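Colleague: A structural model of the following input is requested.
(4 chains, ligands or ions: 4)
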Number of protein chains: 4
Amino acid sequence: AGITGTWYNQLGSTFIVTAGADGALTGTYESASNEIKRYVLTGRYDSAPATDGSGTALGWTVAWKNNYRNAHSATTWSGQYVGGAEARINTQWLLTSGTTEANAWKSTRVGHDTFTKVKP
Amino acid sequence: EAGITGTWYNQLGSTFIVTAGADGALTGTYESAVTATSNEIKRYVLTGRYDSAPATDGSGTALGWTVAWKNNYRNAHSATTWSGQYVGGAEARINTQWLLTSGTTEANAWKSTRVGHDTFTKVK
Amino acid sequence: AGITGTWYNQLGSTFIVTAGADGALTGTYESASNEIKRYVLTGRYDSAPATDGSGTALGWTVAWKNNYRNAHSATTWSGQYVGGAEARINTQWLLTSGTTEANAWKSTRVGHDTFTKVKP
Amino acid sequence: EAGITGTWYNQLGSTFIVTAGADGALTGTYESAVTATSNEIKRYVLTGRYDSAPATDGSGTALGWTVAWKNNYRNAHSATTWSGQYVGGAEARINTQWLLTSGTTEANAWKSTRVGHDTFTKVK
Ligand SMILES: O=C(CCCC[C@@H]1SC[C@@H]2NC(=O)N[C@@H]21)Nc1ccc([N+](=O)[O-])cc1
Ligand SMILES: O=C(CCCC[C@@H]1SC[C@@H]2NC(=O)N[C@@H]21)Nc1ccc([N+](=O)[O-])cc1
Ligand SMILES: O=C(CCCC[C@@H]1SC[C@@H]2NC(=O)N[C@@H]21)Nc1ccc([N+](=O)[O-])cc1
Ligand SMILES: O=C(CCCC[C@@H]1SC[C@@H]2NC(=O)N[C@@H]21)Nc1ccc([N+](=O)[O-])cc1
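Modeller: Numbers count the residues shown, from 1 in each chain, chains lettered A, B, ... in the order given. Ligands and ions are numbered 1, 2, ... in the order given. Please find the structure below.
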């Protein structure tokens, strides 16, 4: 819809996603050869957003295991899509690593990514 | 990573029913606590991912999932993601932090996202 | 030092701070007449940062009560100062409102502010 | 807002000793859990703010504070802020979420900040 396609964040990463008609998000995420760096993503979005000019709520997850590498971690992005001539997906994210119990307190990093339709 | 499929309950009275696929998929349903309302009216689709080959040094299993708060009955114009780890054994837990983003106008975007933490156990 | 002075974020807010020699931060925060909008801030920073080009860790708190208004809430900013010709204070923040027990789950909002030495 | 001054303990074995001033100041010390180390080597200055006139409808008292992890003995080149609310009565609590930012190079800034939650009680 407005979401399906390729998106680029400030870090050099690339997000390719299909938004299904009833709320599914499926795709690949490439962190900053390209194929070693590509990971599955899945998520959900609001397939009927409000009609008052509000953004479209959405989230997705990447677990950082593919056929080549396993970082033993997962990131979730939570945010909203904003359409128009300067379309954005504005997110906050949580990256949790698998840890022992003694290290669990420091298992989760937090940050923010802004995605645009063109590269920075 | 073994150990995730099944029913989980958090401190808020929510129920999380998930299947963990062999290659890292999470699929299932998430139900909010109800008192007056019938259960299925507050049941929502979830999807996510988990580490299907965790380190076998006693570390937890990294995972995450998303609920968009739209179903056939209700739409809150919002989405939550949970990020955390599964810890196995006799008192198994899924320990998470979450981000809840509401769809807002640009002027309200700064206040769009709530943060919290949910601890899931196998008993209510 | 590099921190003391006036800082401006993307939202229209103004942060005026003094960094004391041993780690104190004291000042006023003005959210976007000016005086009704001004609140006390206090915090801490690393008064001896690493010498490898790293930023300077710091945090502060504003409780949103002044002589005129009380929102029954408090924000903390956590971040790092980065000096040089384009100096920044890059932060993530948590805004917690006072709530009943039943509403506590939704008490805390999270976001990010980037502060510069000139207005946006 | 009354009720905050004194000693508080979290689930990680840390000790938080704070004075709440009449107009909203928080001042005190924060000590990490120790096993081999002497207590004062892991004790740090804190400052913060709280709502000194909370709503008297059973709501909690909003507050926050900061520790920069430098003392006369050690420097971790980091700072934590806790944001939360004091809840009074017989099982009094300070329920918080926290952000821990490490000083990093620009290339490492994306991974500079950890997030978590601490529950403080009046007993260990
Ligand atoms: O666990 C990992 C996997 C890679 C995560 C990439 C993050 S997802 C949030 C942000 N947005 C992006 O587009 N990319 C970044 N990496 C990792 C974790 C910790 C450390 N470490 O040194 O501590 C090094 C690499
Ligand atoms: O947008 C919503 C949808 C419901 C979210 C439930 C949250 S997901 C994190 C946490 N864990 C759970 O199991 N349940 C809670 N609800 C909502 C949002 C805002 C307000 N509000 O008053 O602002 C009221 C309800
Ligand atoms: O409790 C409040 C007090 C004002 C907080 C301003 C925030 S601090 C993080 C960010 N950085 C800034 O420079 N300014 C913003 N406001 C408030 C809270 C909730 C609602 N609400 O409608 O839900 C309205 C106002
Ligand atoms: O930077 C530090 C300083 C110590 C922070 C203690 C945290 S504050 C939140 C939580 N609540 C507590 O009472 N204690 C913990 N430590 C540190 C940072 C990174 C790593 N690391 O391995 O990456 C190890 C130690």
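
Colleague: Identify the bridge partners of the nearest residue to residue A:48 once chain neighbours are set aside.
Modeller: Closest residue to residue A:48 apart from its sequence neighbours, by C-beta to C-beta, 6 or more residues apart in numbering or on different chains: residue B:75 at 6.0 Å. (Each C-beta comes from the backbone N, C-alpha and C, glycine too.) Counting by DSSP bridges, residue B:75 is bridged to residue B:70.

Colleague: who are the neighbours in contact with residue B:75?
Modeller: A:46, A:48, B:69 (C-beta atoms under 8 Å, 6 or more residues apart in numbering or on different chains).

Colleague: thinking the last one is in contact with residue B:43, fair?
Modeller: No - counting by C-beta atoms under 8 Å, residue B:43 is not a contact partner of residue B:69; they are 11.2 Å apart.

Colleague: With neighbour numbers in mind, choose between these two.
Modeller: Using other C-beta atoms under 10 Å in any protein chain shown as the criterion, residue B:69 and residue B:43 rank with residue B:69 on top: 20 against 17.

Colleague: what residues are up against the more buried one?
Modeller: Neighbours of residue B:69 in contact, by C-beta under 8 Å, 6+ apart: A:46, A:57, B:44, B:75-80.

Colleague: Can you pick out the most distant pair from those residues?
Modeller: Farthest pair in those (C-beta to C-beta) is B:75 and B:80. Separation: 14.0 Å.

Colleague: picking that back up, from the contacts of residue B:69, pick out the ones that also neighbour ligand 1.
Modeller: Of the entries in these, none also sits close to ligand 1 under the rule C-beta under 6 Å from any ligand atom.

Colleague: Chain D: which of the residues you listed is nearest?
Modeller: residue B:80 (15.4 Å; C-beta to the nearest C-beta).

Colleague: in the sheet, who's paired with that closest one?
Modeller: residue B:67, residue B:100.

Colleague: show me what contacts it?
Modeller: A:59, A:78, B:66-67, B:69, B:98-101.

Colleague: Check chain A for the residue nearest chain C and tell me.
Modeller: Closest point on chain A to chain C, by C-beta to the nearest C-beta, is residue A:112, at 4.8 Å.

Colleague: so how far is ligand 3 from that residue?
Modeller: 13 Å (C-beta to the nearest ligand atom, to the nearest Å).

Colleague: who in chain A is up against ligand 4?
Modeller: Near ligand 4, when you scan chain A using C-beta under 6 Å from any ligand atom, you find A:105-106.

Colleague: Alpha carbons only: can I get stretch A:50-65 in CSV?
Modeller: What follows is stretch A:50-65 as a C-alpha-only set of coordinates in CSV (Å, rounded to 0.1, in the frame of the first residue of the first chain):
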residue,chain,number,x,y,z
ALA,A,50,-7.7,6.5,11.3
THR,A,51,-8.9,9.1,8.9
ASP,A,52,-7.8,12.2,10.8
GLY,A,53,-4.2,12.5,9.3
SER,A,54,-2.7,10.1,11.8
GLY,A,55,0.1,7.7,11.0
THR,A,56,-0.2,4.0,10.5
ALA,A,57,1.0,1.9,13.5
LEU,A,58,3.3,-1.1,12.7
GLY,A,59,6.1,-3.3,14.1
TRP,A,60,8.4,-6.0,13.0
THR,A,61,11.0,-8.4,14.3
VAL,A,62,14.4,-9.6,13.0
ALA,A,63,16.1,-12.6,14.7
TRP,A,64,19.8,-12.2,13.7
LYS,A,65,20.3,-15.8,12.5
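
Colleague: Can you give the distance from that stretch to the centre of its chain?
Modeller: 8 Å (C-alpha atoms, centre = their mean, to the nearest Å).

Colleague: can it be found next to ligand 2?
Modeller: No - interface with ligand 2: stretch A:50-65 contributes nothing (C-beta under 6 Å from any ligand atom), its closest point being 8.3 Å away.

Colleague: Please apply the same query to stretch A:93-101.
Modeller: No - Stretch A:93-101 stays clear of ligand 2 (C-beta under 6 Å from any ligand atom), getting no nearer than 12.6 Å.

Colleague: what about that stretch, how long is it end to end?
Modeller: 22 Å (C-alpha to C-alpha, to the nearest Å).

Colleague: centre of the chain versus that stretch, how much separation?
Modeller: On C-alpha atoms, centre = their mean, the centre of stretch A:93-101 falls 17 Å from the chain's centre.

Colleague: got it, and stretch A:6-20?
Modeller: 7 Å.

Colleague: End to end on that stretch, go ahead and measure it.
Modeller: Using C-alpha to C-alpha, the two ends of stretch A:6-20 sit 15 Å apart.
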